[PDB]
Amino acid sequence: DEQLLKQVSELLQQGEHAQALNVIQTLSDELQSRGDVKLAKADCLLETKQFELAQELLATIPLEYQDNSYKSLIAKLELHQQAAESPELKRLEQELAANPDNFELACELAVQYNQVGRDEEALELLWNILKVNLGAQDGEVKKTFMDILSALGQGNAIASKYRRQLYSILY
């Protein structure tokens with residue numbers, strides 16, 4: 001645990017959130033729940049755009065740890081989550097509902113979803129086209145699905161569920 005903790009420390013210094021989250025999940029459960037390790041893990045979730053996991057973790061930080069760093073993380077989550085309901089997103093959404101077959105709008109909606117951490121919806125949007133037609137849009141739908149996954153990373157549980165999804169239906 002002792003050195004591992006400096007591994008986390010070292011990894012955060014360097015912006016390796018996803019490695020850092022990996023080392024975290026290897027600590028004891030006791031050390032995992034230490035309030036400073038929680039903040040660390042919260043910062044990692046947020047830098048990796050897992051805002052829902054971040055918010056639900058942040059909601060268990062006890063008072064004695066409601067730090068300067070915790071405050072700034074609250075404020076970050078609140079700014080991110082406002083940015084996820086834009087008029088822009090709204091319009092593309094109403095527009096895709098009325099043009100459900102326009103695959104090229106779906107790719108753009110998805111890329112905008114992704115830009116604000118609405119990645120579950122981004123990938124579910126695309127997934128719904130791909131499991132009917134892997135070629136959808138001259139393979140432009142599979143690709144934007146694929147850039148979203150790789151953008152996300154290997155630790156990401158949403159990325160991992162859709163990777164498995166897509167893989168299971170490859171010819």
# chains A, B, ... in the order shown; residues from 1 in each chain; ligands from 1
$ closest_atom_pairs --of "range 1-113 of chain A" --to "range 146-158 of chain A" --cutoff "9 Å" --atoms "only C-alpha atoms" --output "tab-separated table"
residue	atom	partner	partner_atom	distance
A:18	CA	A:155	CA	6.2
A:19	CA	A:155	CA	8.2
A:21	CA	A:155	CA	7.9
A:22	CA	A:155	CA	7.3
A:48	CA	A:152	CA	7.2
A:49	CA	A:152	CA	7.9
A:50	CA	A:156	CA	7.7
A:110	CA	A:148	CA	8.5
A:111	CA	A:148	CA	7.7
$ select_by_dssp --residues "range 87-149 of chain A" --states "helix (DSSP H, G or I)" --output "PyMOL selection string"
chain A and resi 87-98+103-115+119-130+140-149
$ write_last_selection --atoms "N, CA and C atoms" --output "CSV table (one decimal), in the first residue's frame"
chain,number,residue,atom,x,y,z
A,87,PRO,N,-28.3,24.6,-25.8
A,87,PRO,CA,-29.3,24.7,-26.8
A,87,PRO,C,-28.9,23.9,-28.0
A,88,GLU,N,-27.6,23.9,-28.4
A,88,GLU,CA,-27.1,23.2,-29.5
A,88,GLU,C,-27.5,21.7,-29.4
A,89,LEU,N,-27.3,21.1,-28.2
A,89,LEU,CA,-27.5,19.6,-28.1
A,89,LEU,C,-29.0,19.4,-28.3
A,90,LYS,N,-29.8,20.2,-27.7
A,90,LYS,CA,-31.2,20.2,-27.8
A,90,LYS,C,-31.7,20.2,-29.3
A,91,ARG,N,-31.2,21.2,-30.1
A,91,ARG,CA,-31.6,21.3,-31.5
A,91,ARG,C,-31.2,20.0,-32.3
A,92,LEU,N,-30.0,19.5,-32.2
A,92,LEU,CA,-29.6,18.3,-32.9
A,92,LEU,C,-30.4,17.1,-32.5
A,93,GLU,N,-30.8,17.1,-31.2
A,93,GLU,CA,-31.7,16.0,-30.7
A,93,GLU,C,-33.1,16.0,-31.3
A,94,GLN,N,-33.8,17.2,-31.4
A,94,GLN,CA,-35.1,17.4,-32.0
A,94,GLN,C,-35.0,17.1,-33.5
A,95,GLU,N,-33.9,17.6,-34.1
A,95,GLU,CA,-33.6,17.3,-35.5
A,95,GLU,C,-33.3,15.8,-35.9
A,96,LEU,N,-32.7,15.1,-35.0
A,96,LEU,CA,-32.5,13.7,-35.3
A,96,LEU,C,-33.7,12.8,-35.1
A,97,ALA,N,-34.6,13.2,-34.2
A,97,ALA,CA,-35.9,12.6,-33.9
A,97,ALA,C,-36.8,12.6,-35.1
A,98,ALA,N,-36.7,13.8,-35.8
A,98,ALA,CA,-37.5,14.0,-37.0
A,98,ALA,C,-36.9,13.6,-38.3
A,103,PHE,N,-28.1,9.2,-41.1
A,103,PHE,CA,-26.9,8.7,-40.3
A,103,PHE,C,-25.9,9.7,-40.0
A,104,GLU,N,-25.7,10.6,-41.0
A,104,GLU,CA,-24.6,11.6,-40.8
A,104,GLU,C,-24.9,12.6,-39.7
A,105,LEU,N,-26.2,12.9,-39.4
A,105,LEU,CA,-26.6,13.7,-38.2
A,105,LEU,C,-26.4,13.0,-36.9
A,106,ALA,N,-26.5,11.7,-37.0
A,106,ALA,CA,-26.3,10.8,-35.8
A,106,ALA,C,-24.8,10.8,-35.4
A,107,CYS,N,-23.9,10.7,-36.4
A,107,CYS,CA,-22.5,10.8,-36.2
A,107,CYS,C,-22.1,12.1,-35.5
A,108,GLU,N,-22.7,13.2,-36.0
A,108,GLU,CA,-22.5,14.6,-35.5
A,108,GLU,C,-23.1,14.8,-34.0
A,109,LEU,N,-24.3,14.3,-33.9
A,109,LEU,CA,-24.9,14.3,-32.5
A,109,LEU,C,-23.9,13.6,-31.5
A,110,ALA,N,-23.5,12.4,-31.9
A,110,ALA,CA,-22.6,11.6,-31.1
A,110,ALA,C,-21.3,12.3,-30.8
A,111,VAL,N,-20.7,13.0,-31.7
A,111,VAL,CA,-19.5,13.7,-31.5
A,111,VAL,C,-19.6,14.9,-30.6
A,112,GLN,N,-20.8,15.5,-30.6
A,112,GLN,CA,-21.2,16.5,-29.7
A,112,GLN,C,-21.5,15.9,-28.3
A,113,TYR,N,-22.1,14.8,-28.3
A,113,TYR,CA,-22.4,14.1,-27.0
A,113,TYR,C,-21.1,13.9,-26.4
A,114,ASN,N,-20.2,13.4,-27.1
A,114,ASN,CA,-18.9,13.0,-26.6
A,114,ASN,C,-18.1,14.2,-26.1
A,115,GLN,N,-18.3,15.3,-26.7
A,115,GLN,CA,-17.6,16.5,-26.4
A,115,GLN,C,-17.9,17.0,-25.0
A,119,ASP,N,-21.2,10.3,-23.1
A,119,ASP,CA,-20.7,9.2,-23.9
A,119,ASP,C,-21.5,8.0,-23.9
A,120,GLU,N,-22.2,7.7,-22.8
A,120,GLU,CA,-23.1,6.6,-22.8
A,120,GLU,C,-24.2,6.8,-23.9
A,121,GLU,N,-24.9,7.9,-23.9
A,121,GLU,CA,-25.8,8.3,-25.0
A,121,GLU,C,-25.2,8.4,-26.4
A,122,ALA,N,-24.0,9.0,-26.6
A,122,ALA,CA,-23.2,9.0,-27.8
A,122,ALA,C,-23.1,7.5,-28.4
A,123,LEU,N,-22.6,6.6,-27.6
A,123,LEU,CA,-22.3,5.2,-28.0
A,123,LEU,C,-23.6,4.5,-28.2
A,124,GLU,N,-24.6,4.8,-27.4
A,124,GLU,CA,-25.9,4.0,-27.5
A,124,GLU,C,-26.6,4.5,-28.8
A,125,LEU,N,-26.6,5.8,-29.1
A,125,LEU,CA,-27.0,6.3,-30.4
A,125,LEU,C,-26.5,5.5,-31.5
A,126,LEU,N,-25.2,5.4,-31.6
A,126,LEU,CA,-24.5,4.7,-32.7
A,126,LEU,C,-24.8,3.2,-32.7
A,127,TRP,N,-24.8,2.6,-31.5
A,127,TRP,CA,-24.9,1.2,-31.3
A,127,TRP,C,-26.2,0.8,-32.0
A,128,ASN,N,-27.3,1.7,-31.8
A,128,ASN,CA,-28.6,1.4,-32.3
A,128,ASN,C,-28.6,1.3,-33.9
A,129,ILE,N,-27.7,2.0,-34.5
A,129,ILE,CA,-27.6,1.9,-36.0
A,129,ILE,C,-26.7,0.7,-36.4
A,130,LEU,N,-25.6,0.5,-35.7
A,130,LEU,CA,-24.6,-0.6,-36.0
A,130,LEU,C,-25.1,-2.0,-35.9
A,140,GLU,N,-18.9,5.2,-41.8
A,140,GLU,CA,-18.7,6.4,-41.0
A,140,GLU,C,-19.3,6.3,-39.6
A,141,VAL,N,-20.3,5.5,-39.3
A,141,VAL,CA,-20.9,5.3,-38.1
A,141,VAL,C,-20.1,4.3,-37.2
A,142,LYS,N,-19.6,3.2,-37.7
A,142,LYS,CA,-18.7,2.4,-36.9
A,142,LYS,C,-17.4,3.2,-36.6
A,143,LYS,N,-16.9,4.0,-37.4
A,143,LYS,CA,-15.7,4.8,-37.1
A,143,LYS,C,-15.9,5.8,-36.0
A,144,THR,N,-17.0,6.5,-36.1
A,144,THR,CA,-17.2,7.5,-35.0
A,144,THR,C,-17.5,6.8,-33.7
A,145,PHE,N,-18.2,5.7,-33.7
A,145,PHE,CA,-18.2,4.8,-32.6
A,145,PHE,C,-16.8,4.4,-32.1
A,146,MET,N,-15.9,4.0,-33.0
A,146,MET,CA,-14.6,3.6,-32.7
A,146,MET,C,-13.6,4.7,-32.2
A,147,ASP,N,-13.8,5.9,-32.8
A,147,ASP,CA,-13.0,7.0,-32.3
A,147,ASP,C,-13.5,7.4,-30.8
A,148,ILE,N,-14.8,7.3,-30.6
A,148,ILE,CA,-15.3,7.6,-29.2
A,148,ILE,C,-14.7,6.6,-28.2
A,149,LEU,N,-14.6,5.3,-28.6
A,149,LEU,CA,-14.1,4.3,-27.7
A,149,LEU,C,-12.7,4.5,-27.3
$ residues_around --residues "range 73-82 of chain A" --least-positions-apart "4" --cutoff "8 Å" --atoms "only C-alpha atoms" --output "ChimeraX atom specification"
/A:42-43,46,51,54-55,58,69,86,116
$ decode --residues "range 35-79 of chain A" --atoms "C-alpha atoms" --output "PDB file, in the first residue's frame"
ATOM      1  CA  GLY A  35     -10.935  10.258   2.311  1.00  0.00           C
ATOM      2  CA  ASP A  36      -7.723  11.534   0.550  1.00  0.00           C
ATOM      3  CA  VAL A  37      -7.707   8.487  -1.786  1.00  0.00           C
ATOM      4  CA  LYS A  38     -11.323   9.243  -2.629  1.00  0.00           C
ATOM      5  CA  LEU A  39     -10.484  12.759  -3.640  1.00  0.00           C
ATOM      6  CA  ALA A  40      -7.630  11.388  -5.871  1.00  0.00           C
ATOM      7  CA  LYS A  41     -10.057   8.858  -7.412  1.00  0.00           C
ATOM      8  CA  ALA A  42     -12.706  11.613  -7.914  1.00  0.00           C
ATOM      9  CA  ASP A  43     -10.176  13.812  -9.720  1.00  0.00           C
ATOM     10  CA  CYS A  44      -9.299  10.824 -11.888  1.00  0.00           C
ATOM     11  CA  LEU A  45     -12.899  10.035 -12.813  1.00  0.00           C
ATOM     12  CA  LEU A  46     -13.528  13.594 -13.789  1.00  0.00           C
ATOM     13  CA  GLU A  47     -10.348  13.954 -15.865  1.00  0.00           C
ATOM     14  CA  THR A  48     -11.443  10.798 -17.679  1.00  0.00           C
ATOM     15  CA  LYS A  49     -14.913  12.202 -18.227  1.00  0.00           C
ATOM     16  CA  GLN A  50     -16.772   9.735 -16.066  1.00  0.00           C
ATOM     17  CA  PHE A  51     -18.921  12.485 -14.437  1.00  0.00           C
ATOM     18  CA  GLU A  52     -21.589  10.224 -12.996  1.00  0.00           C
ATOM     19  CA  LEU A  53     -19.139   7.946 -11.238  1.00  0.00           C
ATOM     20  CA  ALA A  54     -17.326  11.203 -10.105  1.00  0.00           C
ATOM     21  CA  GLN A  55     -20.490  12.758  -8.626  1.00  0.00           C
ATOM     22  CA  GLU A  56     -21.563   9.633  -6.806  1.00  0.00           C
ATOM     23  CA  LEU A  57     -18.042   9.242  -5.338  1.00  0.00           C
ATOM     24  CA  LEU A  58     -17.931  12.915  -4.338  1.00  0.00           C
ATOM     25  CA  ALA A  59     -21.218  12.451  -2.433  1.00  0.00           C
ATOM     26  CA  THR A  60     -19.498  10.120   0.055  1.00  0.00           C
ATOM     27  CA  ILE A  61     -16.626  12.510   0.959  1.00  0.00           C
ATOM     28  CA  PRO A  62     -17.099  13.145   4.759  1.00  0.00           C
ATOM     29  CA  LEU A  63     -16.973  16.655   6.165  1.00  0.00           C
ATOM     30  CA  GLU A  64     -13.421  16.584   7.594  1.00  0.00           C
ATOM     31  CA  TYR A  65     -12.248  16.052   3.980  1.00  0.00           C
ATOM     32  CA  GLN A  66     -14.401  18.724   2.295  1.00  0.00           C
ATOM     33  CA  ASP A  67     -11.247  20.318   1.245  1.00  0.00           C
ATOM     34  CA  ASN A  68     -10.141  23.052  -1.022  1.00  0.00           C
ATOM     35  CA  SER A  69      -9.529  20.375  -3.569  1.00  0.00           C
ATOM     36  CA  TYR A  70     -12.987  18.782  -2.947  1.00  0.00           C
ATOM     37  CA  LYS A  71     -14.629  22.242  -3.400  1.00  0.00           C
ATOM     38  CA  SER A  72     -12.921  22.877  -6.689  1.00  0.00           C
ATOM     39  CA  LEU A  73     -14.010  19.346  -7.808  1.00  0.00           C
ATOM     40  CA  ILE A  74     -17.637  20.017  -6.918  1.00  0.00           C
ATOM     41  CA  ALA A  75     -17.410  23.213  -8.936  1.00  0.00           C
ATOM     42  CA  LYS A  76     -15.886  21.366 -11.861  1.00  0.00           C
ATOM     43  CA  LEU A  77     -18.631  18.747 -11.855  1.00  0.00           C
ATOM     44  CA  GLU A  78     -21.277  21.469 -11.725  1.00  0.00           C
ATOM     45  CA  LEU A  79     -19.792  23.408 -14.644  1.00  0.00           C
TER      46      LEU A  79
END
